[PDB]
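J.: Quick one: the structure is below, questions incoming.
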Amino acid sequence: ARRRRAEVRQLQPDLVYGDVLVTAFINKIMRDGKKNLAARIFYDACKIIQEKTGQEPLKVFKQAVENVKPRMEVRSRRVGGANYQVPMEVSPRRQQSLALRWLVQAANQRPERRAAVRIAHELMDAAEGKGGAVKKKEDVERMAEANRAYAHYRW
Amino acid sequence: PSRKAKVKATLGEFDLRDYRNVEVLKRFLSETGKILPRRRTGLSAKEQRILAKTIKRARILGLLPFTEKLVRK
Amino acid sequence: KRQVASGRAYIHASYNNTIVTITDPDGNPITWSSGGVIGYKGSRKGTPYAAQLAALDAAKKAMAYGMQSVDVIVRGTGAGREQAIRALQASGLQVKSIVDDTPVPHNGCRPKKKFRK
RNA sequence: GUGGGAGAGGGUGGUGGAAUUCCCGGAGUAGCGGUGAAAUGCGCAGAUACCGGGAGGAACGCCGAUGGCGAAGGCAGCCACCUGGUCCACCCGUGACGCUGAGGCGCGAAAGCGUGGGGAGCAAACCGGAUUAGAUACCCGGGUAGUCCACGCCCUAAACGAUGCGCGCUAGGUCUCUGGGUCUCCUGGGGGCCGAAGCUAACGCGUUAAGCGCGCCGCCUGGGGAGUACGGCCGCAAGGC
Ligand SMILES: NC[C@@H]1O[C@H](O[C@H]2[C@@H](O)[C@H](O[C@@H]3[C@@H](O)[C@H](N)C[C@H](N)[C@H]3O[C@H]3O[C@H](CO)[C@@H](O)[C@H](O)[C@H]3N)O[C@@H]2CO)[C@H](N)[C@@H](O)[C@@H]1O
Ligand SMILES: NC[C@@H]1O[C@H](O[C@H]2[C@@H](O)[C@H](O[C@@H]3[C@@H](O)[C@H](N)C[C@H](N)[C@H]3O[C@H]3O[C@H](CO)[C@@H](O)[C@H](O)[C@H]3N)O[C@@H]2CO)[C@H](N)[C@@H](O)[C@@H]1O
Ligand SMILES: [K+]
Ligand SMILES: [K+]
Ligand SMILES: [K+]
Ligand SMILES: [K+]
Ligand SMILES: [K+]
Ligand SMILES: [Mg+2]
Ligand SMILES: [Mg+2]
Ligand SMILES: [Mg+2]
Ligand SMILES: [Mg+2]
Ligand SMILES: [Mg+2]
Ligand SMILES: [Mg+2]
Ligand SMILES: [Mg+2]
Ligand SMILES: [Mg+2]
Ligand SMILES: [Mg+2]
Ligand SMILES: [Mg+2]
Ligand SMILES: [Mg+2]
Ligand SMILES: [Mg+2]
Ligand SMILES: [Mg+2]
Ligand SMILES: [Mg+2]
Ligand SMILES: [Mg+2]
Ligand SMILES: [Mg+2]
Ligand SMILES: [Mg+2]
Ligand SMILES: [Mg+2]
Ligand SMILES: [Mg+2]
Ligand SMILES: [Mg+2]
Ligand SMILES: [Mg+2]
Ligand SMILES: [Mg+2]
Ligand SMILES: [Mg+2]
Ligand SMILES: [Mg+2]
Ligand SMILES: [Mg+2]
Ligand SMILES: [Mg+2]
Ligand SMILES: [Mg+2]
Ligand SMILES: [Mg+2]
Ligand SMILES: [Mg+2]
Ligand SMILES: [Mg+2]
Ligand SMILES: [Mg+2]
Ligand SMILES: [Mg+2]
Ligand SMILES: [Mg+2]
Ligand SMILES: [Mg+2]
Ligand SMILES: [Mg+2]
Ligand SMILES: [Mg+2]
Ligand SMILES: [Mg+2]
Ligand SMILES: [Mg+2]
Ligand SMILES: [Mg+2]
Ligand SMILES: [Mg+2]
Ligand SMILES: [Mg+2]
Ligand SMILES: [Mg+2]
Ligand SMILES: [Mg+2]
Ligand SMILES: [Mg+2]
Ligand SMILES: [Mg+2]
Ligand SMILES: [Mg+2]
Ligand SMILES: [Mg+2]
Ligand SMILES: [Mg+2]
Ligand SMILES: [Mg+2]
Ligand SMILES: [Mg+2]
Ligand SMILES: [Mg+2]
């Protein structure tokens, strides 16, 4: 996007909870344009959230999302002939995209046998502050602020 | 552009060649010890030329300083 | 163990490093810090963050002497000058004055080739 | 001639403050320095930063400028003495005493040479550290000559307005420096910009001529060979003409 600002797409509401965040997660689950497979996965996982946790699966979902969102990240920059790891803030939408993407990328690294189980277990784990996703956020916020010396290269 | 004030019109009758008159030459030095330019002093070529030498004359005597420290920065 | 409680905080900034020297009112130093006192080794010492850490470590060293009020004196143009200022400005120490005493000659010596023209 | 003006014009003596370095004392601790990043280097025999004292060499911040002075080179803290050039008013005096100028003579940035001093900072050479494919460099740490002083040499330059000197004639507008005056303005000297006529191959110049004229000097005659060779004069030599 060199000319315009590249406005964002508005997503259709969740067909079950009526929440755009849910539908965004389904789309990050989707693979080869299989919408039904991604939503089947996700909902079969919402049933796994219950009878393990007595809470509404929506709460666990958005809570884990909140625990994965990073506040800082490190972006490179070409300066003085070398390249520097420069921290700066994470725009809100980017915290969204990175938290959701990380959630999926973590769930598919898990050892559970079928998908929705991995998704449920990662959603729960990240909701209570553990699991591979939150380790991604902690690794990134470790990267940033470890380079605090370059905080003036913000741009 | 020094639209705050000019030092000459901030002053009445005075002798440019008085090296010993401090409480007026004081008015021509900056917050540091430096000699103000014609932007601030509002002097003319000849006037600033002579006032310069009488200020230097005063500096040797220990009446005006050569340099000062900057406050509040 | 002097119990000074009031003194002068010198700041020596340069494009290579920033170094803080904290003194009694007469000017004799009590403690000090810099970019190298903290773990910074290479060019990082000339950082405004390195300066911030140096001034904070200086202020914390001086708290152990129970110092409260300081007068700050900056010398040298260089990164981290104003950041060391702002580090001390709320470091716990009260800054009573800031003064820029950067030494300038009256055309005294010939600079290096690096600084000529 | 008289009476006033302006100026880093020159020489000599004296002298003031800032900074660097070094030495001394005090306080204080693990580094400082430096770079694109580094390293060499410096620091536990206590450095860097910080206060007090002291020594010495060099250079004069602001003022300061599109400013001034000078024939050119060039000239900048301040005080005094010696000394050059110039400008204005007054119409006083001399009565064409003028202009230019081969040769001559004097001057002549830097670098360089001799003797003797001095030597803080900077720094050819050189010694290291880096970089690079190499790096006899650019960058970093050191450092000798030198840079400074007296005296004597050398005599070159993008020594430049790349524009010899003098005098007369040819629209103006504007900025500035320094005089004079009936001080809105008039008038003289100097420094800038734009432009009449005009000139120029063009660029541009244009009352500060590169315009229109006169006087005298210096100089050019296609590029390389070559500022070389030879001769001569000069020089301690480098080398110059
Ligand atoms: N020349 C040194 C300087 O003289 C300045 O003052 C100088 C000028 O202001 C002053 O001008 C004088 C004066 O009598 C009047 N205005 C006219 C007179 N023709 C000038 O004298 C002039 O001509 C004579 C030879 O005839 C020269 O010796 C002298 O140097 C020159 N100034 O003469 C002084 C000496 O030249 C300042 N004192 C200072 O800048 C510095 O010391
Ligand atoms: N000293 C003032 C000036 O000295 C000039 O020459 C003087 C100086 O060049 C020379 O050296 C002097 C001397 O006191 C002694 N040998 C050492 C002293 N440090 C020097 O004095 C000067 O030296 C330089 C300039 O050379 C200046 O930068 C510095 O301020 C001053 N210390 O001594 C000369 C006098 O004896 C001229 N006479 C003239 O410009 C003026 O009077
Ligand atoms: K040394
Ligand atoms: K100079
Ligand atoms: K000029
Ligand atoms: K007048
Ligand atoms: K032109
Ligand atoms: Mg991952
Ligand atoms: Mg450094
Ligand atoms: Mg003079
Ligand atoms: Mg000592
Ligand atoms: Mg060692
Ligand atoms: Mg020991
Ligand atoms: Mg040793
Ligand atoms: Mg030192
Ligand atoms: Mg001292
Ligand atoms: Mg010595
Ligand atoms: Mg200037
Ligand atoms: Mg002239
Ligand atoms: Mg001239
Ligand atoms: Mg010149
Ligand atoms: Mg007559
Ligand atoms: Mg007659
Ligand atoms: Mg002649
Ligand atoms: Mg001749
Ligand atoms: Mg010469
Ligand atoms: Mg010389
Ligand atoms: Mg010599
Ligand atoms: Mg010698
Ligand atoms: Mg010697
Ligand atoms: Mg020596
Ligand atoms: Mg050196
Ligand atoms: Mg060197
Ligand atoms: Mg080498
Ligand atoms: Mg190469
Ligand atoms: Mg020798
Ligand atoms: Mg010249
Ligand atoms: Mg020129
Ligand atoms: Mg001209
Ligand atoms: Mg000229
Ligand atoms: Mg001419
Ligand atoms: Mg000529
Ligand atoms: Mg003549
Ligand atoms: Mg004129
Ligand atoms: Mg001129
Ligand atoms: Mg023109
Ligand atoms: Mg025409
Ligand atoms: Mg034209
Ligand atoms: Mg003419
Ligand atoms: Mg010839
Ligand atoms: Mg010729
Ligand atoms: Mg031929
Ligand atoms: Mg030739
Ligand atoms: Mg030759
Ligand atoms: Mg011969
Ligand atoms: Mg001979
Ligand atoms: Mg040779
Ligand atoms: Mg020969």
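Naming works like this for the structure tokens: A, B, ... for the chains as they're shown, residue 1 at the start of each chain, ligands 1 onward in shown order.
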Extract, using only C-alpha atoms (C1' of nucleotides), all DNA, RNA and protein residues at most 12 Å from residue D:23, discarding same-chain residues fewer than 3 positions from it, and format them as an MDAnalysis selection string.

T.: chainID D and resid 53:56

J.: Those same residues - N, CA and C atoms (P, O5', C5', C4', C3', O3' and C1' of nucleotides) - I'd like them written as a PDB file, in the first residue's frame.

T.:
ATOM      1  P     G D  53      42.568  28.101  42.344  1.00  0.00           P
ATOM      2  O5'   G D  53      44.127  27.835  42.529  1.00  0.00           O
ATOM      3  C5'   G D  53      44.787  28.196  43.731  1.00  0.00           C
ATOM      4  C4'   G D  53      46.113  27.493  43.863  1.00  0.00           C
ATOM      5  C3'   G D  53      47.090  27.696  42.721  1.00  0.00           C
ATOM      6  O3'   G D  53      47.756  28.939  42.765  1.00  0.00           O
ATOM      7  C1'   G D  53      46.996  25.412  43.248  1.00  0.00           C
ATOM      8  P     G D  54      47.882  29.805  41.422  1.00  0.00           P
ATOM      9  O5'   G D  54      49.147  29.178  40.688  1.00  0.00           O
ATOM     10  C5'   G D  54      50.375  29.054  41.380  1.00  0.00           C
ATOM     11  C4'   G D  54      51.228  27.949  40.819  1.00  0.00           C
ATOM     12  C3'   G D  54      51.628  28.087  39.366  1.00  0.00           C
ATOM     13  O3'   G D  54      52.665  29.027  39.160  1.00  0.00           O
ATOM     14  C1'   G D  54      50.953  25.868  39.789  1.00  0.00           C
ATOM     15  P     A D  55      52.637  29.976  37.865  1.00  0.00           P
ATOM     16  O5'   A D  55      53.408  29.121  36.764  1.00  0.00           O
ATOM     17  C5'   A D  55      54.729  28.653  37.003  1.00  0.00           C
ATOM     18  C4'   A D  55      55.117  27.550  36.047  1.00  0.00           C
ATOM     19  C3'   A D  55      55.074  27.896  34.564  1.00  0.00           C
ATOM     20  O3'   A D  55      56.236  28.580  34.122  1.00  0.00           O
ATOM     21  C1'   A D  55      53.980  25.839  34.923  1.00  0.00           C
ATOM     22  P     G D  56      56.109  29.901  33.216  1.00  0.00           P
ATOM     23  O5'   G D  56      56.021  29.337  31.731  1.00  0.00           O
ATOM     24  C5'   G D  56      57.041  28.508  31.204  1.00  0.00           C
ATOM     25  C4'   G D  56      56.486  27.583  30.158  1.00  0.00           C
ATOM     26  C3'   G D  56      55.865  28.259  28.947  1.00  0.00           C
ATOM     27  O3'   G D  56      56.835  28.622  27.980  1.00  0.00           O
ATOM     28  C1'   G D  56      54.394  26.600  29.767  1.00  0.00           C
TER      29        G D  56
END

J.: Could you please tell me, as a PyMOL selection string, which residues of chain B have an atom within 8 Å of chain C when using only C-alpha atoms?

T.: chain B and resi 69-73

J.: Only N, CA, C and O atoms, please: the residues just picked out, written as a PDB file, in the first residue's frame.

T.:
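Result written to result_14.pdb:
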ATOM      1  N   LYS B  69      28.397  31.248  32.998  1.00  0.00           N
ATOM      2  CA  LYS B  69      27.712  29.974  32.886  1.00  0.00           C
ATOM      3  C   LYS B  69      26.236  30.209  32.583  1.00  0.00           C
ATOM      4  O   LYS B  69      25.636  31.190  33.028  1.00  0.00           O
ATOM      5  N   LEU B  70      25.663  29.304  31.799  1.00  0.00           N
ATOM      6  CA  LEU B  70      24.264  29.378  31.405  1.00  0.00           C
ATOM      7  C   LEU B  70      23.398  28.696  32.455  1.00  0.00           C
ATOM      8  O   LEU B  70      23.693  27.574  32.876  1.00  0.00           O
ATOM      9  N   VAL B  71      22.322  29.367  32.864  1.00  0.00           N
ATOM     10  CA  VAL B  71      21.457  28.885  33.935  1.00  0.00           C
ATOM     11  C   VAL B  71      20.179  28.302  33.343  1.00  0.00           C
ATOM     12  O   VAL B  71      19.735  28.684  32.254  1.00  0.00           O
ATOM     13  N   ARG B  72      19.591  27.352  34.066  1.00  0.00           N
ATOM     14  CA  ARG B  72      18.234  26.838  33.884  1.00  0.00           C
ATOM     15  C   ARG B  72      18.054  25.874  32.714  1.00  0.00           C
ATOM     16  O   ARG B  72      16.940  25.347  32.556  1.00  0.00           O
ATOM     17  N   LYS B  73      19.082  25.610  31.911  1.00  0.00           N
ATOM     18  CA  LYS B  73      18.925  24.880  30.645  1.00  0.00           C
ATOM     19  C   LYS B  73      18.119  23.565  30.711  1.00  0.00           C
ATOM     20  O   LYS B  73      18.501  22.593  31.362  1.00  0.00           O
TER      21      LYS B  73
END

J.: I'd like to know which of B:12, B:34, B:55, B:43 is closest to chain D, using only C-alpha atoms (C1' of nucleotides).

T.: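 Of B:12, B:34, B:55, B:43, the one nearest chain D, counting only C-alpha atoms (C1' of nucleotides), is B:34.
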
J.: Which residues form the shell of 12 Å around ligand 48 when you count only C-alpha atoms (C1' of nucleotides) and all ligand atoms, given as a ChimeraX atom specification?

T.: /D:194-195,200,202-206

J.: What are the residues of chain C that have an atom within 6 Å of an atom of chain D, counting only C-alpha atoms (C1' of nucleotides), as a PyMOL selection string?

T.: chain C and resi 21+27-29+105-110

J.: Return as a ChimeraX atom specification every polymer residue, whether protein, DNA or RNA, with at least one atom no more than 9 Å from an atom of ligand 56; count only C-alpha atoms (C1' of nucleotides) and all ligand atoms.

T.: /D:234-236

J.: Take the residues from that selection and write them out as a PDB file, in the first residue's frame, keeping N, CA and C atoms (P, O5', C5', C4', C3', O3' and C1' of nucleotides).

T.:
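Okay, selection.pdb is ready:
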ATOM      1  P     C D 234      75.786  35.277 -10.705  1.00  0.00           P
ATOM      2  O5'   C D 234      74.474  34.847  -9.915  1.00  0.00           O
ATOM      3  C5'   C D 234      73.614  35.838  -9.382  1.00  0.00           C
ATOM      4  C4'   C D 234      72.390  35.247  -8.731  1.00  0.00           C
ATOM      5  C3'   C D 234      72.613  34.277  -7.590  1.00  0.00           C
ATOM      6  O3'   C D 234      72.991  34.908  -6.386  1.00  0.00           O
ATOM      7  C1'   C D 234      70.902  33.469  -8.990  1.00  0.00           C
ATOM      8  P     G D 235      74.106  34.236  -5.450  1.00  0.00           P
ATOM      9  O5'   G D 235      73.335  33.046  -4.737  1.00  0.00           O
ATOM     10  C5'   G D 235      72.096  33.286  -4.099  1.00  0.00           C
ATOM     11  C4'   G D 235      71.418  32.000  -3.717  1.00  0.00           C
ATOM     12  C3'   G D 235      72.300  30.951  -3.088  1.00  0.00           C
ATOM     13  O3'   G D 235      72.641  31.227  -1.751  1.00  0.00           O
ATOM     14  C1'   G D 235      70.939  29.929  -4.691  1.00  0.00           C
ATOM     15  P     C D 236      74.143  30.935  -1.291  1.00  0.00           P
ATOM     16  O5'   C D 236      74.289  29.359  -1.492  1.00  0.00           O
ATOM     17  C5'   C D 236      75.508  28.689  -1.208  1.00  0.00           C
ATOM     18  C4'   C D 236      75.283  27.466  -0.354  1.00  0.00           C
ATOM     19  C3'   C D 236      74.314  26.432  -0.908  1.00  0.00           C
ATOM     20  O3'   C D 236      74.949  25.536  -1.804  1.00  0.00           O
ATOM     21  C1'   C D 236      73.841  26.856   1.387  1.00  0.00           C
TER      22        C D 236
END

J.: What gap, in Å, lies between atom 1 (Mg, counted along the ligand's line) of ligand 12 and atom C1' of residue D:43?

T.: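 Distance between the two atoms: 7.2 Å.
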
J.: Running DSSP on the backbone, which parts of chain A land in alpha helix (DSSP H), as a ChimeraX atom specification?

T.: /A:20-29,35-49,57-68,92-107,115-127,132-143

J.: Write out the residues from the selection above, keeping C-alpha atoms, as a PDB file, in the first residue's frame.

T.:
ATOM      1  CA  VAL A  20     -16.212 -10.993  14.927  1.00  0.00           C
ATOM      2  CA  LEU A  21     -13.240 -12.196  16.970  1.00  0.00           C
ATOM      3  CA  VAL A  22     -14.604 -15.754  16.810  1.00  0.00           C
ATOM      4  CA  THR A  23     -15.026 -15.541  13.032  1.00  0.00           C
ATOM      5  CA  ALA A  24     -11.522 -14.097  12.648  1.00  0.00           C
ATOM      6  CA  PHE A  25     -10.224 -17.106  14.575  1.00  0.00           C
ATOM      7  CA  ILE A  26     -12.175 -19.457  12.293  1.00  0.00           C
ATOM      8  CA  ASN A  27     -10.554 -17.793   9.288  1.00  0.00           C
ATOM      9  CA  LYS A  28      -7.095 -18.243  10.802  1.00  0.00           C
ATOM     10  CA  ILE A  29      -8.024 -21.905  11.298  1.00  0.00           C
ATOM     11  CA  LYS A  35     -14.687 -22.903   6.083  1.00  0.00           C
ATOM     12  CA  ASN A  36     -16.834 -25.777   7.306  1.00  0.00           C
ATOM     13  CA  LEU A  37     -13.799 -27.725   8.487  1.00  0.00           C
ATOM     14  CA  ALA A  38     -12.416 -24.743  10.423  1.00  0.00           C
ATOM     15  CA  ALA A  39     -15.728 -23.967  12.123  1.00  0.00           C
ATOM     16  CA  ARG A  40     -16.402 -27.649  12.826  1.00  0.00           C
ATOM     17  CA  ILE A  41     -12.974 -27.754  14.470  1.00  0.00           C
ATOM     18  CA  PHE A  42     -13.498 -24.596  16.491  1.00  0.00           C
ATOM     19  CA  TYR A  43     -16.990 -25.406  17.752  1.00  0.00           C
ATOM     20  CA  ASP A  44     -16.156 -29.007  18.566  1.00  0.00           C
ATOM     21  CA  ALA A  45     -13.422 -27.358  20.639  1.00  0.00           C
ATOM     22  CA  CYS A  46     -15.854 -24.991  22.389  1.00  0.00           C
ATOM     23  CA  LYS A  47     -17.669 -28.097  23.576  1.00  0.00           C
ATOM     24  CA  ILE A  48     -14.313 -29.290  24.939  1.00  0.00           C
ATOM     25  CA  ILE A  49     -13.971 -26.056  26.906  1.00  0.00           C
ATOM     26  CA  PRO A  57     -16.136 -20.879  26.326  1.00  0.00           C
ATOM     27  CA  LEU A  58     -16.356 -17.354  24.894  1.00  0.00           C
ATOM     28  CA  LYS A  59     -14.787 -15.910  28.059  1.00  0.00           C
ATOM     29  CA  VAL A  60     -11.882 -18.369  27.907  1.00  0.00           C
ATOM     30  CA  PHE A  61     -11.422 -17.551  24.216  1.00  0.00           C
ATOM     31  CA  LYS A  62     -11.174 -13.782  24.542  1.00  0.00           C
ATOM     32  CA  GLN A  63      -9.171 -14.074  27.787  1.00  0.00           C
ATOM     33  CA  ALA A  64      -6.486 -16.263  26.207  1.00  0.00           C
ATOM     34  CA  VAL A  65      -6.436 -13.813  23.300  1.00  0.00           C
ATOM     35  CA  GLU A  66      -5.779 -11.015  25.786  1.00  0.00           C
ATOM     36  CA  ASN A  67      -2.923 -12.928  27.413  1.00  0.00           C
ATOM     37  CA  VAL A  68      -1.229 -13.565  24.046  1.00  0.00           C
ATOM     38  CA  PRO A  92      -3.839  -2.648  18.372  1.00  0.00           C
ATOM     39  CA  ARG A  93      -4.917  -4.477  15.217  1.00  0.00           C
ATOM     40  CA  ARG A  94      -1.444  -5.999  14.994  1.00  0.00           C
ATOM     41  CA  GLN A  95      -1.787  -7.272  18.565  1.00  0.00           C
ATOM     42  CA  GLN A  96      -5.008  -8.875  17.348  1.00  0.00           C
ATOM     43  CA  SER A  97      -3.485 -10.521  14.268  1.00  0.00           C
ATOM     44  CA  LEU A  98      -0.376 -11.688  16.128  1.00  0.00           C
ATOM     45  CA  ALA A  99      -2.286 -13.098  19.108  1.00  0.00           C
ATOM     46  CA  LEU A 100      -4.708 -15.077  16.923  1.00  0.00           C
ATOM     47  CA  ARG A 101      -2.047 -16.324  14.489  1.00  0.00           C
ATOM     48  CA  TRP A 102       0.138 -17.331  17.422  1.00  0.00           C
ATOM     49  CA  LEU A 103      -2.784 -19.199  18.974  1.00  0.00           C
ATOM     50  CA  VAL A 104      -3.198 -21.330  15.863  1.00  0.00           C
ATOM     51  CA  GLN A 105       0.560 -21.789  15.349  1.00  0.00           C
ATOM     52  CA  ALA A 106       0.835 -22.989  18.945  1.00  0.00           C
ATOM     53  CA  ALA A 107      -2.142 -25.341  18.832  1.00  0.00           C
ATOM     54  CA  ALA A 115      -7.300 -30.612  16.054  1.00  0.00           C
ATOM     55  CA  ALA A 116     -10.163 -29.281  18.178  1.00  0.00           C
ATOM     56  CA  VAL A 117      -8.528 -30.938  21.194  1.00  0.00           C
ATOM     57  CA  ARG A 118      -5.289 -29.070  20.549  1.00  0.00           C
ATOM     58  CA  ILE A 119      -7.249 -25.833  20.074  1.00  0.00           C
ATOM     59  CA  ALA A 120      -9.248 -26.269  23.276  1.00  0.00           C
ATOM     60  CA  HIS A 121      -6.171 -27.179  25.321  1.00  0.00           C
ATOM     61  CA  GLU A 122      -4.177 -24.232  23.966  1.00  0.00           C
ATOM     62  CA  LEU A 123      -7.055 -21.791  24.488  1.00  0.00           C
ATOM     63  CA  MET A 124      -7.383 -22.942  28.095  1.00  0.00           C
ATOM     64  CA  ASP A 125      -3.626 -22.995  28.747  1.00  0.00           C
ATOM     65  CA  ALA A 126      -3.121 -19.500  27.320  1.00  0.00           C
ATOM     66  CA  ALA A 127      -6.136 -18.273  29.273  1.00  0.00           C
ATOM     67  CA  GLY A 132       3.225 -22.092  23.555  1.00  0.00           C
ATOM     68  CA  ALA A 133       1.303 -18.967  22.538  1.00  0.00           C
ATOM     69  CA  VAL A 134       2.045 -17.034  25.718  1.00  0.00           C
ATOM     70  CA  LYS A 135       5.650 -18.178  25.310  1.00  0.00           C
ATOM     71  CA  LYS A 136       5.633 -16.491  21.906  1.00  0.00           C
ATOM     72  CA  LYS A 137       4.406 -13.252  23.473  1.00  0.00           C
ATOM     73  CA  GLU A 138       6.980 -13.534  26.262  1.00  0.00           C
ATOM     74  CA  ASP A 139       9.796 -14.227  23.789  1.00  0.00           C
ATOM     75  CA  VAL A 140       8.875 -11.197  21.690  1.00  0.00           C
ATOM     76  CA  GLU A 141       8.476  -8.811  24.622  1.00  0.00           C
ATOM     77  CA  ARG A 142      11.802 -10.208  25.822  1.00  0.00           C
ATOM     78  CA  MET A 143      13.342  -9.275  22.468  1.00  0.00           C
TER      79      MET A 143
END

J.: Do you know which residues are at most 12 Å from residue B:4 counting only C-alpha atoms (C1' of nucleotides), after dropping those on the same chain fewer than 4 positions away, and could you put them as a compact mmCIF listing (two decimals) with N, CA and C atoms, in the first residue's frame?

T.:
# COMPACT_ATOMS: atom_id res chain seq x y z
N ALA B 9 17.14 52.03 22.34
CA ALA B 9 15.88 52.67 22.72
C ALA B 9 15.41 52.27 24.11
N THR B 10 16.03 51.27 24.73
CA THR B 10 15.83 50.96 26.14
C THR B 10 16.74 51.78 27.04
N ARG B 39 21.40 43.12 16.15
CA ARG B 39 19.99 42.76 16.25
C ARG B 39 19.41 43.21 17.58
N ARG B 40 20.10 42.91 18.67
CA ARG B 40 19.60 43.24 19.99
C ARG B 40 19.96 44.67 20.39
N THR B 41 21.24 45.03 20.26
CA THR B 41 21.68 46.35 20.71
C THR B 41 21.02 47.47 19.93
N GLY B 42 20.69 47.22 18.66
CA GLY B 42 20.19 48.29 17.82
C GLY B 42 21.18 49.38 17.53

J.: Among the residues of chain C, find those DSSP assigns to strand (DSSP E or B) from the backbone and print them as a ChimeraX atom specification.

T.: /C:6-13,18-23,29-34,69-75,94-100

J.: Each residue of chain A with at least one atom at most 10 Å from chain C should appear once, together with its nearest atom pair and the corresponding distance in Å (one decimal); atoms considered: only C-alpha atoms; ordering: chain, then increasing residue number; output as JSON lines.

T.:
{"residue": "A:147", "atom": "CA", "partner": "C:49", "partner_atom": "CA", "distance": 10.0}
{"residue": "A:148", "atom": "CA", "partner": "C:49", "partner_atom": "CA", "distance": 6.9}
{"residue": "A:149", "atom": "CA", "partner": "C:49", "partner_atom": "CA", "distance": 5.3}
{"residue": "A:150", "atom": "CA", "partner": "C:47", "partner_atom": "CA", "distance": 8.1}
{"residue": "A:151", "atom": "CA", "partner": "C:49", "partner_atom": "CA", "distance": 8.0}
{"residue": "A:152", "atom": "CA", "partner": "C:48", "partner_atom": "CA", "distance": 8.2}

J.: All residues within 10 Å of ligand 33 are required, counting only C-alpha atoms (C1' of nucleotides) and all ligand atoms; please report them as a PyMOL selection string.

T.: (chain C and resi 112-114) or (chain D and resi 122-123+140-143)
